[PDB]
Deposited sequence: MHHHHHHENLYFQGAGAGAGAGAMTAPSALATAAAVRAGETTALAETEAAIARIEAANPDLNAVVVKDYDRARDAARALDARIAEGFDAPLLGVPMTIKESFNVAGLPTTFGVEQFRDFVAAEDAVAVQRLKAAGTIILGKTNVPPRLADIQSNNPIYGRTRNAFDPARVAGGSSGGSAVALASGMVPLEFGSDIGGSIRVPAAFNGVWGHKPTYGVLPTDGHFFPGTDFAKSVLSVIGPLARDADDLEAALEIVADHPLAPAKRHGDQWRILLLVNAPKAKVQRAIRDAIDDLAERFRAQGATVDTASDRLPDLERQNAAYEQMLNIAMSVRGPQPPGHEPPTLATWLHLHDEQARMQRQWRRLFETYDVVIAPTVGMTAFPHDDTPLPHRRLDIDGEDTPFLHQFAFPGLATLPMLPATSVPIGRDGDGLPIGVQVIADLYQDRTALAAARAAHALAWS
């Protein structure tokens, strides 16, 4: 199995391996596996190896970093100095970003080596399933331990679940957006939108999160000695495959055996019909609107976040599907027309966006964690949603869930 990001930093710190060797080993991994899946749009190998060599010169002086010598890739929407952020447009190939995104600077100051950027698909047979799909595919291949992505409609969480890897969708506004060009956005720095880490294990996710964040994040906390969890499988006008509903039910039983309380229903449940409507409208503005319309959407978003805050007075986390289905076949149908099949039932594809909206509209943190595999073998991933700014609580609960599911 491929080593984790923090394991790589420990070895380079130990001197067992060197940053150049780890970086070179990564490009060997990318060149071997990449022709077949086309995960990385841009390759920056030669500056990366000179960046690596400079780092080992600094390990010689005793310089130490939390992610020291970790080879890494990022979604193309991030700005890397000297490289284009084409977004699949030829005209934009002409231009190069002058300076790194803030997230990139913090990661390289943490000791990461940015080998390249990863393809962003529009919102082998199976789909990557998202804009960050190249990111999930890159870590699923084992090319790189660590990666970063963006989420507006589940682009962090859904690709991670489809490829059986971890992703974290942070609380809004804690990870700096600047230097990241949000895909499909009517307005730059579009609301509801976040950047987030992708990894193969929970510890790497948390490490990247704390490095890039503008301010410290409180550690995992629970109301009581045991986890108190609410399942949210039923969303308005949204249908879930039976295999996912079953995987969530088994995880709930294992949590109950260990002593957690796992509620299926709560009266304090927020009004999801009212929540989903606003998300659909805000998404249209995000993907001529009156000032008053825009202001009222913020009122709805403020009052939805208050309802989730009240629910989280009782619950530590909410567990929900990332999306109703496992990875689904390529489809070129226009999205309003787009029909999806859930357990032999054709359904509107639009309706599935309710699941990413659960976290995104209230601004809550959500961790996407693999808990199972489907009958055809597609990975099953779910989101662990926590209160505002309780990202580390969500990661802790996702960590527990993963130990239980794979036990």
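A.B. asks: Show which contiguous pieces of the deposited sequence have no C-alpha coordinates, counting from residue 1.
C.D. replies: According to the record, the gaps fall at 1 to 24, 148 to 166, 331 to 341.
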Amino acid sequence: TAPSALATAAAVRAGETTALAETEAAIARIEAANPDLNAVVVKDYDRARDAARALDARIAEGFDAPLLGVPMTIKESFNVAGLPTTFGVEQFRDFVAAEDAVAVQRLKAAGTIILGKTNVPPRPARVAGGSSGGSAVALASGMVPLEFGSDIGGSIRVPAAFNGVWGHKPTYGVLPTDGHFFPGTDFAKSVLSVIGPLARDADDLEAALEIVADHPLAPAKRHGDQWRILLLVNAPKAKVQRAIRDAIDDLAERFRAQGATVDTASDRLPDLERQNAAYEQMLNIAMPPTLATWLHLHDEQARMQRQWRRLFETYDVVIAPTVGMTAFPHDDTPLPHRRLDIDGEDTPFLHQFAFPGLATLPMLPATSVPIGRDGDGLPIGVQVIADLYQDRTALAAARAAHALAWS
From here on, numbers count along this sequence of modelled residues.
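A.B. asks: Per the entry, where is the mean C-alpha temperature factor higher: 357 to 365 or 41 to 49?
C.D. replies: Per the PDB entry, the higher value belongs to 41 to 49.
A.B. asks: Tell me which of 294 to 302 and 262 to 270 has the higher mean C-alpha B-factor in the deposited entry.
C.D. replies: Here the higher of the two C-alpha B-factor means belongs to 294 to 302.
A.B. asks: So if I compare the CA B-factors in the entry for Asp151, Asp186, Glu313, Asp201, which one is the largest?
C.D. replies: It is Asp186.
A.B. asks: Determine which member of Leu340, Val382, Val70, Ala65 has the highest CA B-factor, using the values in the deposited entry.
C.D. replies: Comparing C-alpha B-factors across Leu340, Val382, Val70, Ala65, the top value belongs to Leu340.
A.B. asks: Ranking every modelled residue in this chain by its Cα temperature factor as given in the entry, which third contains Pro370?
C.D. replies: Lowest third - that is where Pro370 ends up once the chain's C-alpha B-factors are sorted.
A.B. asks: Determine, from the deposited record, the chain-internal third of the Cα B-factor for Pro216: lowest, middle or highest.
C.D. replies: For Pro216, whose C-alpha B-factor we compare with every modelled residue in the chain, the answer is the lowest third.
A.B. asks: Name the third of the chain's ranked CA B-factors that contains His180, choosing lowest, middle or highest.
C.D. replies: CA B-factor rank for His180: middle third.
A.B. asks: Taking only the Cα B-factors deposited for this chain, tell me whether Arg126 sits in the lowest, middle or highest third.
C.D. replies: Top third by C-alpha B-factor.
A.B. asks: Among the modelled residues of its chain, does the C-alpha B-factor of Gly134 lie in the lowest, middle or highest third?
C.D. replies: For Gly134, the deposited C-alpha B-factor lands in the middle third.
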